[PDB]
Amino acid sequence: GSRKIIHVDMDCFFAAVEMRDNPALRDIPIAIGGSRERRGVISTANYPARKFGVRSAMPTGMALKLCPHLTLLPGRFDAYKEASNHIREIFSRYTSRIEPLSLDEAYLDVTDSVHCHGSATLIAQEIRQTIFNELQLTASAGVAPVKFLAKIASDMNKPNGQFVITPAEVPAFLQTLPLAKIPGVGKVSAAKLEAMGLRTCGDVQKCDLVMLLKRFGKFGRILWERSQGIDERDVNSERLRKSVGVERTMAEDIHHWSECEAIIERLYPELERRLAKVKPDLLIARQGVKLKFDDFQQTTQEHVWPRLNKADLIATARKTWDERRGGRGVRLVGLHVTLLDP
């Protein structure tokens, strides 16, 4: 009962789309992100820009100090979305067991595919080809017996490549796998783990499960499992959006409620529009707001509420402003909704 799992992952996604649509962007360093003056960060960068050290999540300020000729694009989301719709129609030609993780990424469980003589490797290659014809965008892929290994595999041979891991390669693959490459282990976790001489899955193999649950709860089980190649999570295909939010970071910290209110007036129409798309009657489970202060502490307050409603979001924001700002400057105001359950 080995499953055949594919992870497909578009190369340089936003930047690739911008380079296809404008060829002159191809060989010069580019990134999608907001300007330095807008306090922006980098969404992604093309390869000529990564060469300079530009990365996603990097303050644009730093990107420019690292790469002064950086061309900065604002991003065209409908174009990325269009591409994402296309690559999912392509997957559906191969299986209906498709679990998208974002615009540019999806798991596929092809275990029971009678397609490329049942070869998970050919299906992958054939998906990547056909995405490139049809879209002029390259993708990379990872083939493995479980979700997370397929994900790690998809990074191993990018851009425009793939990587297969068979059950037989699994133990050698894990011995040296750093924990930080496990999805769900980021900076903080990696540092706590490294603080106790745990760097690889091989280090974790040697640990006791009881102590691991004691010092991490459910996370430590997951760590213990994945360190062993164990990942019983099924490719889902039935997931639904749970929430929607709209937030803006000001060029300068605000200090007056009039300013906050004015921000909210512009945020609201945008949230209404985006919600109307998926819930015309605007019916919801919870609505609330978000402030982030100059000490980067962020606070949210949200409450049960039957329908998107501007005035209540403003009143809630005023309470929050008045009750938990303690004279700090404010860098960010946000609106938020929790969707109904079914």
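Residue numbers here begin at 1 and follow the sequence given.
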{"item": "Entry-level comparison of average CA B-factors, 161-169 and 209-217, reporting the higher stretch", "value": "209-217"}
{"item": "Segment of higher mean CA temperature factor, 111-119 or 256-264", "value": "111-119"}
{"item": "Residue 16 CA temperature factor, ranked by third within the chain", "value": "middle"}
{"item": "Ranked against its chain, the third holding the CA B-factor of residue 307", "value": "middle"}
{"item": "CA B-factor placement of residue 225, once the chain's modelled residues are sorted into thirds", "value": "middle"}
{"item": "CA B-factor placement of residue 300, once the chain's modelled residues are sorted into thirds", "value": "lowest"}
{"item": "Ranked against its chain, the third holding the CA B-factor of residue 49", "value": "middle"}
